[PDB]
């Protein structure tokens, strides 16, 4: 009984460092200045390093080390310890640890490709990477295994005292492991369609199925302040993105006021910034530029509570929409899931007007205008309408699905950044300034992050081998294994 309580104490570091709560300067580097901006969700008002940074594709490797260091320092060590102490003795403990582990580590595989996963811990001299496919094969094995163990112990209440997501209810942990597996299956759907359909159907036809109610969403019901509260409100260092303004305002989406605040730069209107701005000529340094852009829309308080969002029920309905579009057994009806996806997102924020919104076929994303620097203006790239069109092509149908999922995933930039790179949707604005020297394409946009400095330093051979598992050079232009060019079908 004492062994249990000792192990149970290792879960909170895992909960708090998937999407890192503290210190917010470390969250800023883990995610905010890569995925949160690359997704088209947010934009830093300040052109850090005189405008030569991640957002203009001149990558700051000291920042990007933290995408790797946070999960490997705080999550993978705890998971390995839990596995070693409980896999035989307390399988339910191992099971929930594996689920949290795949949660943290598929993000990493979705940034770097090859990651250290099945071989983590094996030596202090070297560390051997899995290829991304192998990492994904391990993800599916791990969820199925942990889904089986929890089903065998579904009524045990012994996790209650350590559960920041579900208060010890293994029913929810199974429905979330199913939903997570469905997400990864959707991700490998273009590159490995038989495996994707197989894995997708395993979760769609499980007796307990996937998340479908808002309380069953996966959240960390934390105590610490939301990391983005410091960045948004204390630092003024992140604001609404122009792509969010194009799509949310054009649709007259009521979530815009759940997600953002009316701006100061244009009173009573929501205003985003183009990501990828250089240090412009009108400004003598980055602080004078930030001064004119800090006045755009803040993120709103409702999305920056201590409760951190990892998987909405809305998302799962859109994963079901694409599953059905692709013909996976047990996915249900494509239109019905799409409409319910939007419904579940409104309900999440207690918003009315759903019937009018899902029937609207005249509203489109608006052109983006920058009142400070009108050279930044750009016609809306996304032209899709809301109401389901059963006669649209498979690309347009997928676009409608992925575009509403993107609204619904906010503010979790990482999942939306992966989905954008996988599908090309929604059509977020490209960068204004591409300082990659051609290593990254402006219209295709950034594809990945190169293996991190700490690994180059202390794991050189492991990195050299990991590069042979990439489908291109070790830089930000190389498509990840699930990122396949051409159609989505």
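Numbering follows the first chain given and starts at 1.
The PDB entry reports B-factors from which the mean C-alpha value can be compared for 442 to 450 and 48 to 56; the larger average falls on 48 to 56. Per the PDB record, of the two stretches 209 to 217 and 237 to 245, 209 to 217 carries the greater mean B-factor over its C-alpha atoms. Listed residues 370, 145, 257, 399 were ranked by CA B-factor as deposited; 257 comes out on top. Of the candidates 81, 334, 132, 297, the deposited coordinates give 81 the top C-alpha B factor. Residue 22 sits in the middle third of its chain by CA B factor, as recorded in the PDB entry. Looking at the C-alpha B-factors along this chain, the one for residue 468 belongs to the highest third.
Ranked by C-alpha B-factor against the other modelled residues of its chain, residue 391 falls in the highest third. Annotation for residue 412: C-alpha temperature factor in the lowest third relative to the rest of the modelled chain, per the entry. Ranked within its chain, residue 14 lands in the middle third, by CA B factor from the PDB record.
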